[PDB]
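> This is the content of protein29.txt (compact mmCIF, C-alpha atoms and all ligand atoms):
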```txt
# COMPACT_ATOMS: atom_id res chain seq x y z
CA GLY A 1 112.77 -184.12 16.93
CA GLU A 2 112.06 -186.06 13.71
CA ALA A 3 112.73 -189.78 13.89
CA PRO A 4 114.61 -191.76 11.23
CA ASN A 5 112.22 -193.60 8.93
CA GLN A 6 113.74 -197.08 9.06
CA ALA A 7 111.05 -198.81 7.00
CA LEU A 8 112.32 -201.44 4.58
CA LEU A 9 111.58 -201.04 0.88
CA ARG A 10 111.44 -204.56 -0.52
CA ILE A 11 112.43 -205.19 -4.15
CA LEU A 12 110.80 -208.22 -5.78
CA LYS A 13 111.70 -210.13 -8.92
CA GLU A 14 108.97 -209.99 -11.55
CA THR A 15 109.35 -213.77 -11.72
CA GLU A 16 107.83 -214.18 -8.24
CA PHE A 17 104.40 -213.02 -9.36
CA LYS A 18 101.75 -213.61 -11.99
CA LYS A 19 99.22 -211.05 -13.17
CA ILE A 20 95.74 -212.57 -13.58
CA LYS A 21 93.21 -209.95 -14.65
CA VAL A 22 93.00 -206.22 -15.14
CA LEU A 23 91.33 -204.58 -12.18
CA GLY A 24 91.59 -201.15 -13.82
CA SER A 25 93.25 -198.85 -16.37
CA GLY A 26 93.73 -195.22 -15.48
CA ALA A 27 96.17 -194.25 -18.27
CA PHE A 28 98.94 -193.48 -15.84
CA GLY A 29 98.87 -197.13 -15.47
CA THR A 30 97.11 -200.31 -15.03
CA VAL A 31 96.27 -202.18 -11.83
CA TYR A 32 96.24 -205.96 -12.07
CA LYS A 33 95.17 -208.60 -9.63
CA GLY A 34 97.63 -211.48 -9.35
CA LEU A 35 99.49 -213.90 -7.11
CA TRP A 36 102.82 -213.36 -5.40
CA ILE A 37 104.66 -216.65 -4.95
CA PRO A 38 107.91 -215.95 -3.03
CA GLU A 39 110.77 -218.26 -4.10
CA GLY A 40 110.76 -221.76 -2.61
CA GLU A 41 108.52 -220.73 0.30
CA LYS A 42 105.24 -222.54 -0.50
CA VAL A 43 102.82 -219.59 -0.22
CA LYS A 44 100.65 -217.84 -2.79
CA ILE A 45 99.76 -214.28 -1.77
CA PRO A 46 96.79 -212.53 -3.45
CA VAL A 47 98.09 -209.13 -4.57
CA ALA A 48 97.24 -206.03 -6.58
CA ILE A 49 99.95 -204.82 -9.00
CA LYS A 50 100.06 -201.23 -10.26
CA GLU A 51 102.56 -200.53 -13.07
CA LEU A 52 103.06 -197.00 -14.43
CA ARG A 53 102.17 -196.67 -18.16
CA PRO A 54 106.68 -189.96 -18.36
CA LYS A 55 108.61 -188.34 -15.47
CA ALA A 56 105.54 -189.39 -13.45
CA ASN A 57 107.77 -191.96 -11.70
CA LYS A 58 108.41 -189.34 -9.01
CA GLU A 59 104.70 -189.75 -8.25
CA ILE A 60 104.56 -193.55 -8.17
CA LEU A 61 107.72 -193.71 -6.08
CA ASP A 62 106.41 -191.14 -3.62
CA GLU A 63 103.39 -193.36 -3.05
CA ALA A 64 105.64 -196.35 -2.41
CA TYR A 65 107.52 -194.23 0.14
CA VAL A 66 104.32 -193.56 2.08
CA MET A 67 102.90 -197.09 1.72
CA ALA A 68 106.15 -198.61 3.01
CA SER A 69 106.00 -196.40 6.10
CA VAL A 70 102.60 -197.46 7.45
CA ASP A 71 101.77 -200.53 9.49
CA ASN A 72 98.21 -200.67 10.72
CA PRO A 73 95.27 -203.07 10.33
CA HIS A 74 93.22 -200.26 8.83
CA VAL A 75 95.76 -198.91 6.34
CA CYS A 76 97.03 -200.49 3.12
CA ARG A 77 100.76 -201.23 3.24
CA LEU A 78 103.17 -201.75 0.35
CA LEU A 79 104.34 -205.32 -0.08
CA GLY A 80 107.16 -204.38 -2.49
CA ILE A 81 108.23 -202.75 -5.71
CA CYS A 82 109.53 -204.41 -8.86
CA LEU A 83 112.05 -202.44 -10.95
CA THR A 84 111.20 -203.79 -14.40
CA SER A 85 111.10 -201.43 -17.40
CA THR A 86 107.66 -200.55 -16.06
CA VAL A 87 108.01 -199.78 -12.37
CA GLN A 88 105.46 -201.85 -10.43
CA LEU A 89 103.92 -201.38 -7.00
CA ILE A 90 102.71 -204.55 -5.26
CA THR A 91 100.15 -204.48 -2.43
CA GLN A 92 97.71 -206.83 -0.71
CA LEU A 93 94.69 -207.59 -2.87
CA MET A 94 91.49 -206.12 -1.42
CA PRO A 95 89.10 -208.71 -2.85
CA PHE A 96 85.87 -206.71 -2.63
CA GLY A 97 87.05 -203.49 -4.22
CA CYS A 98 86.39 -200.04 -2.85
CA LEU A 99 83.77 -199.23 -0.24
CA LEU A 100 82.02 -196.67 -2.45
CA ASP A 101 81.15 -199.28 -5.08
CA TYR A 102 80.49 -201.94 -2.45
CA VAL A 103 77.94 -199.79 -0.69
CA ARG A 104 76.10 -199.24 -3.98
CA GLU A 105 76.23 -202.81 -5.22
CA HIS A 106 74.87 -204.03 -1.86
CA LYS A 107 72.58 -201.29 -0.39
CA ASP A 108 69.76 -203.74 0.17
CA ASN A 109 71.92 -205.88 2.47
CA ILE A 110 74.03 -203.39 4.43
CA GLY A 111 72.94 -203.20 8.05
CA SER A 112 73.63 -200.53 10.67
CA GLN A 113 76.16 -202.81 12.41
CA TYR A 114 78.20 -202.75 9.19
CA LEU A 115 77.89 -199.00 8.55
CA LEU A 116 78.94 -198.06 12.10
CA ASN A 117 81.75 -200.63 12.27
CA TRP A 118 83.13 -199.23 9.01
CA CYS A 119 83.02 -195.72 10.51
CA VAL A 120 85.07 -196.98 13.48
CA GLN A 121 87.64 -198.66 11.27
CA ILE A 122 88.22 -195.65 9.00
CA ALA A 123 88.57 -193.51 12.13
CA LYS A 124 91.10 -195.93 13.62
CA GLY A 125 93.13 -195.88 10.41
CA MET A 126 92.98 -192.11 10.17
CA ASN A 127 93.99 -191.74 13.81
CA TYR A 128 97.00 -193.93 13.10
CA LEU A 129 97.92 -191.70 10.16
CA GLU A 130 97.75 -188.84 12.68
CA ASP A 131 100.11 -190.65 15.06
CA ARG A 132 102.55 -191.01 12.17
CA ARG A 133 102.02 -187.32 11.35
CA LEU A 134 100.66 -188.10 7.90
CA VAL A 135 97.97 -185.99 6.24
CA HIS A 136 95.93 -187.98 3.76
CA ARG A 137 94.39 -185.08 1.81
CA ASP A 138 92.23 -187.47 -0.19
CA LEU A 139 89.98 -189.35 2.24
CA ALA A 140 86.78 -190.47 0.49
CA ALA A 141 84.72 -193.65 0.38
CA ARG A 142 86.35 -194.48 -2.98
CA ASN A 143 89.78 -194.54 -1.33
CA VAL A 144 88.61 -197.03 1.29
CA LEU A 145 89.10 -200.66 0.27
CA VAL A 146 87.20 -203.71 1.45
CA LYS A 147 89.18 -206.78 2.46
CA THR A 148 86.05 -208.49 3.86
CA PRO A 149 82.65 -206.87 4.52
CA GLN A 150 83.83 -206.86 8.15
CA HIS A 151 87.22 -205.30 7.44
CA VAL A 152 88.17 -202.20 5.45
CA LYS A 153 91.43 -200.24 5.09
CA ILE A 154 92.33 -196.74 4.02
CA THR A 155 94.17 -196.41 0.76
CA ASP A 156 95.45 -193.96 -1.85
CA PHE A 157 98.38 -191.99 -0.66
CA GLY A 158 99.23 -190.18 -3.91
CA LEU A 159 98.32 -186.82 -2.38
CA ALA A 160 99.47 -187.88 1.11
CA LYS A 161 102.09 -185.64 2.76
CA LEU A 162 104.28 -186.23 5.83
CA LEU A 163 104.29 -183.24 8.20
CA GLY A 164 107.25 -182.35 10.41
CA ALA A 165 107.38 -182.17 14.21
CA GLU A 166 99.48 -176.90 7.60
CA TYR A 167 100.75 -178.44 4.37
CA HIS A 168 100.69 -175.89 1.52
CA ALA A 169 99.95 -177.46 -1.89
CA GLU A 170 99.07 -176.01 -5.32
CA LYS A 171 94.20 -180.99 -9.33
CA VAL A 172 91.87 -181.61 -6.42
CA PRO A 173 88.58 -183.18 -5.22
CA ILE A 174 86.70 -180.19 -4.02
CA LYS A 175 83.50 -181.64 -2.52
CA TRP A 176 85.52 -183.52 0.17
CA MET A 177 87.73 -180.62 1.26
CA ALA A 178 87.72 -178.46 4.39
CA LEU A 179 87.20 -174.73 3.86
CA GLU A 180 90.85 -173.90 4.68
CA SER A 181 91.92 -176.28 1.92
CA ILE A 182 89.76 -174.56 -0.69
CA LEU A 183 90.85 -171.00 -0.05
CA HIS A 184 94.30 -171.32 1.51
CA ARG A 185 95.21 -174.84 0.28
CA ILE A 186 95.99 -175.73 3.92
CA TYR A 187 95.68 -179.40 4.86
CA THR A 188 95.76 -180.59 8.48
CA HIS A 189 94.71 -183.70 10.35
CA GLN A 190 91.58 -181.65 11.07
CA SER A 191 91.37 -181.06 7.33
CA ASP A 192 91.12 -184.86 7.11
CA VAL A 193 88.26 -184.87 9.65
CA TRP A 194 86.20 -182.71 7.31
CA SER A 195 86.79 -185.23 4.54
CA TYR A 196 85.99 -188.00 7.01
CA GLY A 197 82.59 -186.33 7.57
CA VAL A 198 81.85 -186.40 3.84
CA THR A 199 82.93 -190.05 3.76
CA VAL A 200 80.57 -191.07 6.58
CA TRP A 201 77.87 -189.20 4.67
CA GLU A 202 78.64 -191.13 1.48
CA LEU A 203 78.20 -194.39 3.41
CA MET A 204 74.95 -193.42 5.16
CA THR A 205 73.48 -192.27 1.87
CA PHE A 206 74.70 -195.55 0.34
CA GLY A 207 76.91 -193.68 -2.11
CA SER A 208 75.20 -190.45 -3.09
CA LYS A 209 77.47 -187.91 -4.70
CA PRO A 210 78.06 -184.95 -2.37
CA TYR A 211 76.52 -181.77 -3.73
CA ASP A 212 75.32 -183.64 -6.80
CA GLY A 213 74.51 -181.25 -9.62
CA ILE A 214 76.48 -178.36 -8.17
CA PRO A 215 79.42 -176.74 -10.00
CA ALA A 216 82.61 -176.99 -8.01
CA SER A 217 83.47 -173.27 -8.09
CA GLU A 218 80.30 -172.31 -6.18
CA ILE A 219 81.14 -174.68 -3.33
CA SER A 220 83.47 -172.32 -1.47
CA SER A 221 80.71 -169.72 -1.12
CA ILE A 222 77.80 -171.97 -0.20
CA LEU A 223 80.04 -173.39 2.54
CA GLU A 224 80.86 -169.93 3.92
CA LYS A 225 77.10 -169.21 3.73
CA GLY A 226 76.71 -171.77 6.56
CA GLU A 227 75.37 -174.58 4.31
CA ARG A 228 76.28 -178.30 4.47
CA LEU A 229 75.09 -181.69 3.23
CA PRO A 230 71.60 -182.94 4.18
CA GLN A 231 70.79 -185.29 7.03
CA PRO A 232 70.71 -188.79 5.53
CA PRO A 233 67.37 -190.60 5.88
CA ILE A 234 68.74 -193.52 7.89
CA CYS A 235 70.53 -191.09 10.18
CA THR A 236 69.41 -190.24 13.66
CA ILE A 237 70.29 -186.77 14.83
CA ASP A 238 72.98 -188.42 16.97
CA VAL A 239 74.95 -189.67 13.96
CA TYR A 240 74.27 -186.58 11.81
CA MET A 241 75.40 -184.29 14.62
CA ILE A 242 78.78 -186.00 14.53
CA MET A 243 78.92 -185.46 10.76
CA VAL A 244 77.99 -181.82 11.17
CA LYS A 245 80.80 -181.18 13.69
CA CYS A 246 83.37 -182.43 11.16
CA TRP A 247 82.14 -179.56 8.95
CA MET A 248 82.50 -176.71 11.37
CA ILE A 249 84.64 -173.92 10.02
CA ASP A 250 86.89 -173.43 13.07
CA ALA A 251 88.99 -176.52 12.32
CA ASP A 252 90.02 -176.90 15.95
CA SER A 253 86.45 -177.14 17.22
CA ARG A 254 86.04 -180.11 14.87
CA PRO A 255 86.45 -183.57 16.49
CA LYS A 256 89.66 -185.60 16.69
CA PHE A 257 89.92 -189.03 15.10
CA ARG A 258 90.44 -190.58 18.53
CA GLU A 259 87.06 -189.12 19.58
CA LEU A 260 85.28 -190.33 16.45
CA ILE A 261 86.49 -193.82 17.40
CA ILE A 262 84.94 -193.59 20.86
CA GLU A 263 81.65 -192.10 19.67
CA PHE A 264 81.04 -194.49 16.76
CA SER A 265 82.19 -197.42 18.87
CA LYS A 266 79.53 -196.53 21.46
CA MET A 267 76.91 -196.38 18.71
CA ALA A 268 78.03 -199.68 17.19
CA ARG A 269 77.20 -201.21 20.58
CA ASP A 270 73.51 -200.51 19.87
CA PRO A 271 73.24 -200.00 16.09
CA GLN A 272 69.47 -199.77 15.63
CA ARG A 273 69.23 -196.89 18.15
CA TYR A 274 71.37 -194.82 15.80
CA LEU A 275 70.66 -195.90 12.22
CA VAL A 276 67.08 -196.60 11.10
CA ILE A 277 67.15 -199.10 8.20
CA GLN A 278 64.18 -201.10 6.89
CA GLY A 279 64.87 -204.75 7.61
CA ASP A 280 68.13 -204.78 9.58
CA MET A 281 69.92 -209.25 6.30
CA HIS A 282 73.54 -210.57 6.08
CA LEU A 283 76.73 -210.15 4.01
CA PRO A 284 79.26 -212.62 2.42
CA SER A 285 82.49 -214.33 3.55
CA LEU A 286 87.24 -217.28 -2.56
CA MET A 287 89.75 -219.56 -4.10
CA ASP A 288 88.84 -218.37 -7.61
CA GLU A 289 91.22 -219.51 -10.44
CA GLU A 290 94.18 -221.71 -9.37
CA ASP A 291 94.96 -224.52 -6.99
CA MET A 292 94.81 -222.60 -3.74
CA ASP A 293 95.99 -224.97 -0.98
CA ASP A 294 98.94 -222.74 0.06
CA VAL A 295 97.22 -219.35 -0.27
CA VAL A 296 98.19 -217.01 2.57
CA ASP A 297 96.68 -213.60 3.08
CA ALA A 298 99.20 -210.74 3.17
CA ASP A 299 98.26 -209.87 6.76
CA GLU A 300 99.47 -213.35 7.82
CA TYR A 301 102.65 -213.19 5.68
CA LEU A 302 105.20 -211.37 7.84
CA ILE A 303 108.88 -211.49 6.87
CA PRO A 304 110.39 -209.00 9.42
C1 LIG A 401 86.14 -197.04 -5.22
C2 LIG A 401 87.19 -196.58 -6.24
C3 LIG A 401 87.86 -197.77 -6.91
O1 LIG A 401 87.15 -198.51 -7.58
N1 LIG A 401 89.08 -198.05 -6.79
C4 LIG A 401 89.84 -199.12 -7.36
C5 LIG A 401 89.48 -199.80 -8.54
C6 LIG A 401 90.30 -200.81 -9.05
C7 LIG A 401 91.49 -201.16 -8.40
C8 LIG A 401 91.88 -200.49 -7.21
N2 LIG A 401 93.09 -200.78 -6.50
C9 LIG A 401 94.05 -199.84 -6.52
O2 LIG A 401 93.81 -198.69 -6.84
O3 LIG A 401 95.44 -200.18 -6.24
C10 LIG A 401 96.53 -199.40 -6.71
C11 LIG A 401 97.83 -199.84 -6.06
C12 LIG A 401 98.54 -198.94 -5.25
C13 LIG A 401 99.72 -199.36 -4.66
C14 LIG A 401 100.18 -200.67 -4.89
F1 LIG A 401 101.31 -201.09 -4.32
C15 LIG A 401 99.50 -201.58 -5.71
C16 LIG A 401 98.31 -201.16 -6.28
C17 LIG A 401 93.14 -201.92 -5.65
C18 LIG A 401 94.10 -202.15 -4.66
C19 LIG A 401 94.00 -203.33 -3.91
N3 LIG A 401 92.99 -204.21 -4.13
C20 LIG A 401 92.05 -203.96 -5.09
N4 LIG A 401 91.02 -204.81 -5.36
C21 LIG A 401 89.89 -204.73 -6.15
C22 LIG A 401 89.50 -203.55 -6.78
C23 LIG A 401 88.34 -203.88 -7.48
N5 LIG A 401 88.10 -205.18 -7.24
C24 LIG A 401 87.03 -206.12 -7.68
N6 LIG A 401 89.07 -205.78 -6.40
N7 LIG A 401 92.14 -202.82 -5.83
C25 LIG A 401 91.03 -199.47 -6.73
```
Turn the structure described in the file into structure tokens.

Amino acid sequence: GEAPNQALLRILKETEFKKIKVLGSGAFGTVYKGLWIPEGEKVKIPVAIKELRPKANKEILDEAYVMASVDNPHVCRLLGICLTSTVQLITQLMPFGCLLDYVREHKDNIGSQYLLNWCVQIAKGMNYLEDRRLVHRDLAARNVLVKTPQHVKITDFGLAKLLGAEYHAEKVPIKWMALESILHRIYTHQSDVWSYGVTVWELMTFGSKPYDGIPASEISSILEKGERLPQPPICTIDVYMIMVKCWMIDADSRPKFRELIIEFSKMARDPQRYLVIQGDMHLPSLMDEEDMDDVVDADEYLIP
């Protein structure tokens, strides 16, 4: 009852692309921003390149496996790998970085229409991961990337695990995890809903750290004690009551991603009835460095 994963893994010559600037250095590797210029095709494709540095290659290649198996407007997909001495993952460049940082660097210009539309898009992406039976296990506003202020995508599948047709792990992010995942290291699609709740909360609070100033070990108890994160100031009880349901302890009485889409979509139809924000404002649109006449976004570059 398990279908054959016929995704293509595309191997790309290191010649076809040019690094341009370090986006980040995490010791395991370095992520560059560059251009991908396929050979004799007259397109430049803005990309991010992550090269490892180990026996950590099993990790970077597992991520490429996941990222090559996902095709959705609200998930990041792998463009290809390059098998140089350093193995390199290539993906679409998300020009505006992660949502977490974006929400902080722009609090004074983020309206309710944006916040609620983001909540819909993350839910759509997560629901699609559900369809493909994938459990993210690391949903957080920092693992949501911003292609335009109007358009975000879920990212970071390092931890991600494909279920069959209830994943048992054994380094984690505790403040975003369902109770089950703390105590039993179980991860479900409903485990992802809990983390989704925390992510919505990050966005409403414009990037506050969940349980700031609390030591991680205590968190399991205070959650069993019936405690949760505070109602955000911009948040009507309508919004916050959705957040709170994501944090119920019976994981099956939590909401499904397809329901979070409907609910937040209904709210995004009348944003100011649901989020109260002083002065509901506008947000930006990018050639940057090199002659850019033939630049094509990854989402418009489809070799089948
Ligand atoms: C909110 C947390 C955060 O800042 N994350 C962050 C910082 C810097 C760079 C990125 N990446 C990234 O992690 O990509 C890794 C990767 C995985 C798989 C693959 F095939 C290639 C690369 C990232 C990815 C895509 N686009 C951007 N863009 C970006 C980031 C910061 N700025 C200004 N632009 N980053 C994530």
> Listing only residues of chain A within 7 Å of ligand LIG 401 (chain A), what is the closest atom pair and its distance in Å (to one decimal) for each, using all atoms listed in the file, sorted by chain and residue number ascending, as a tab-separated table?

```
residue	atom	partner	partner_atom	distance
A:23	CA	A:LIG401	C6	5.0
A:24	CA	A:LIG401	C6	5.0
A:31	CA	A:LIG401	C10	5.8
A:48	CA	A:LIG401	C19	5.0
A:49	CA	A:LIG401	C15	4.6
A:50	CA	A:LIG401	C16	4.3
A:64	CA	A:LIG401	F1	6.7
A:78	CA	A:LIG401	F1	5.1
A:79	CA	A:LIG401	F1	6.7
A:80	CA	A:LIG401	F1	7.0
A:89	CA	A:LIG401	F1	3.8
A:90	CA	A:LIG401	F1	3.8
A:91	CA	A:LIG401	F1	4.1
A:92	CA	A:LIG401	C19	6.0
A:93	CA	A:LIG401	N3	4.0
A:94	CA	A:LIG401	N3	3.6
A:95	CA	A:LIG401	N6	4.6
A:96	CA	A:LIG401	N6	5.0
A:97	CA	A:LIG401	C23	3.5
A:98	CA	A:LIG401	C1	3.8
A:99	CA	A:LIG401	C1	5.9
A:100	CA	A:LIG401	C1	5.0
A:101	CA	A:LIG401	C1	5.5
A:141	CA	A:LIG401	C1	6.7
A:142	CA	A:LIG401	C1	3.4
A:143	CA	A:LIG401	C1	5.9
A:144	CA	A:LIG401	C1	7.0
A:145	CA	A:LIG401	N3	6.9
A:156	CA	A:LIG401	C12	6.8
```
> Excluding residue A:275 and residues on its chain fewer than 6 positions from it, collect all residues at most 6 Å away from it, counting all atoms listed in the file, and give them as a PyMOL selection string.
chain A and resi 112+234-236
> Grab the atom CA of residue A:8 to atom CA of residue A:65 distance for me, in Å with one decimal place.
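Atom CA of residue A:65 lies 9.7 Å from atom CA of residue A:8.
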> Within 8 Å of stretch 288-295 of chain A, counting only C-alpha atoms, which residues qualify if same-chain residues fewer than 4 places away don't, as a list in words?
residues 42, 43, 44, 45 and 46 of chain A
> Would you mind listing what lies within 8 Å of residue A:282 as a list in words, with only C-alpha atoms counted and same-chain residues fewer than 5 positions away left out?
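In the requested form, the answer reads residues 109, 110 and 111 of chain A.
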> Please indicate the distance in Å from atom CA of residue A:76 to atom CA of residue A:150, rounded to one decimal place.
15.5 Å
> For a quick check of understanding, using all atoms listed in the file, which of A:168, A:74, A:104, A:55 has the smallest distance to residue A:135?
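Among A:168, A:74, A:104, A:55, it is A:168 that comes nearest to residue A:135.
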> What is the atom CA of residue A:265-atom CA of residue A:121 distance in Å, reported with one decimal?
9.4 Å
> For residue A:125, which of A:186, A:243, A:139, A:11 is the closest residue, counting only C-alpha atoms?
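Under the stated criterion, the closest residue is A:139.
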> Pick from A:122, A:87, A:277, A:223: nearest to residue A:178, with only C-alpha atoms counted?
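The shortest atom-to-atom distance to residue A:178 comes from A:223.
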> Near residue A:232, within 9 Å and counting all atoms listed in the file, which residues show up once chain neighbours fewer than 4 positions away are dropped, as a list in words?
residues 201, 204, 205, 236 and 240 of chain A
> Closest to residue A:210 among A:9, A:140, A:267, A:67, using only C-alpha atoms?
A:140
> Between A:227, A:131, A:105, A:263, which residue has the minimum interatomic distance to residue A:206, considering all atoms listed in the file?
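Counting all atoms listed in the file, the residue closest to residue A:206 is A:105.
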> With only C-alpha atoms as the atoms that count, which of A:69, A:6, A:57, A:127 lies nearest to residue A:257?
A:127
> Can you tell me, as lines of an AutoDock Vina configuration file, the centre and edge lengths (Å, one decimal) of the axis-aligned box enclosing all of stretch 162-165 of chain A's listed atoms after padding each side by 8 Å?

```
center_x = 105.8
center_y = -184.2
center_z = 10.0
size_x = 19.1
size_y = 20.1
size_z = 24.4
```
> Within 10 Å of (87.1, -179.6, -2.9), only C-alpha atoms: residues as a CSV table (one decimal) with C-alpha atoms, keeping the file's coordinate frame?

```
chain,number,residue,atom,x,y,z
A,138,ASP,CA,92.2,-187.5,-0.2
A,171,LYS,CA,94.2,-181.0,-9.3
A,172,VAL,CA,91.9,-181.6,-6.4
A,173,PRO,CA,88.6,-183.2,-5.2
A,174,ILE,CA,86.7,-180.2,-4.0
A,175,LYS,CA,83.5,-181.6,-2.5
A,176,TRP,CA,85.5,-183.5,0.2
A,177,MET,CA,87.7,-180.6,1.3
A,178,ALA,CA,87.7,-178.5,4.4
A,179,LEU,CA,87.2,-174.7,3.9
A,181,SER,CA,91.9,-176.3,1.9
A,182,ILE,CA,89.8,-174.6,-0.7
A,183,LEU,CA,90.8,-171.0,0.0
A,185,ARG,CA,95.2,-174.8,0.3
A,195,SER,CA,86.8,-185.2,4.5
A,216,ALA,CA,82.6,-177.0,-8.0
A,217,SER,CA,83.5,-173.3,-8.1
A,219,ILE,CA,81.1,-174.7,-3.3
A,220,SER,CA,83.5,-172.3,-1.5
```
> So which residues are close to (92.5, -186.5, 14.9), meaning at most 8 Å away in the file's coordinates with all atoms listed in the file counted, and can you show them as an NGL selection string?
:A and (126-127 or 130 or 189-190 or 193 or 255-259)
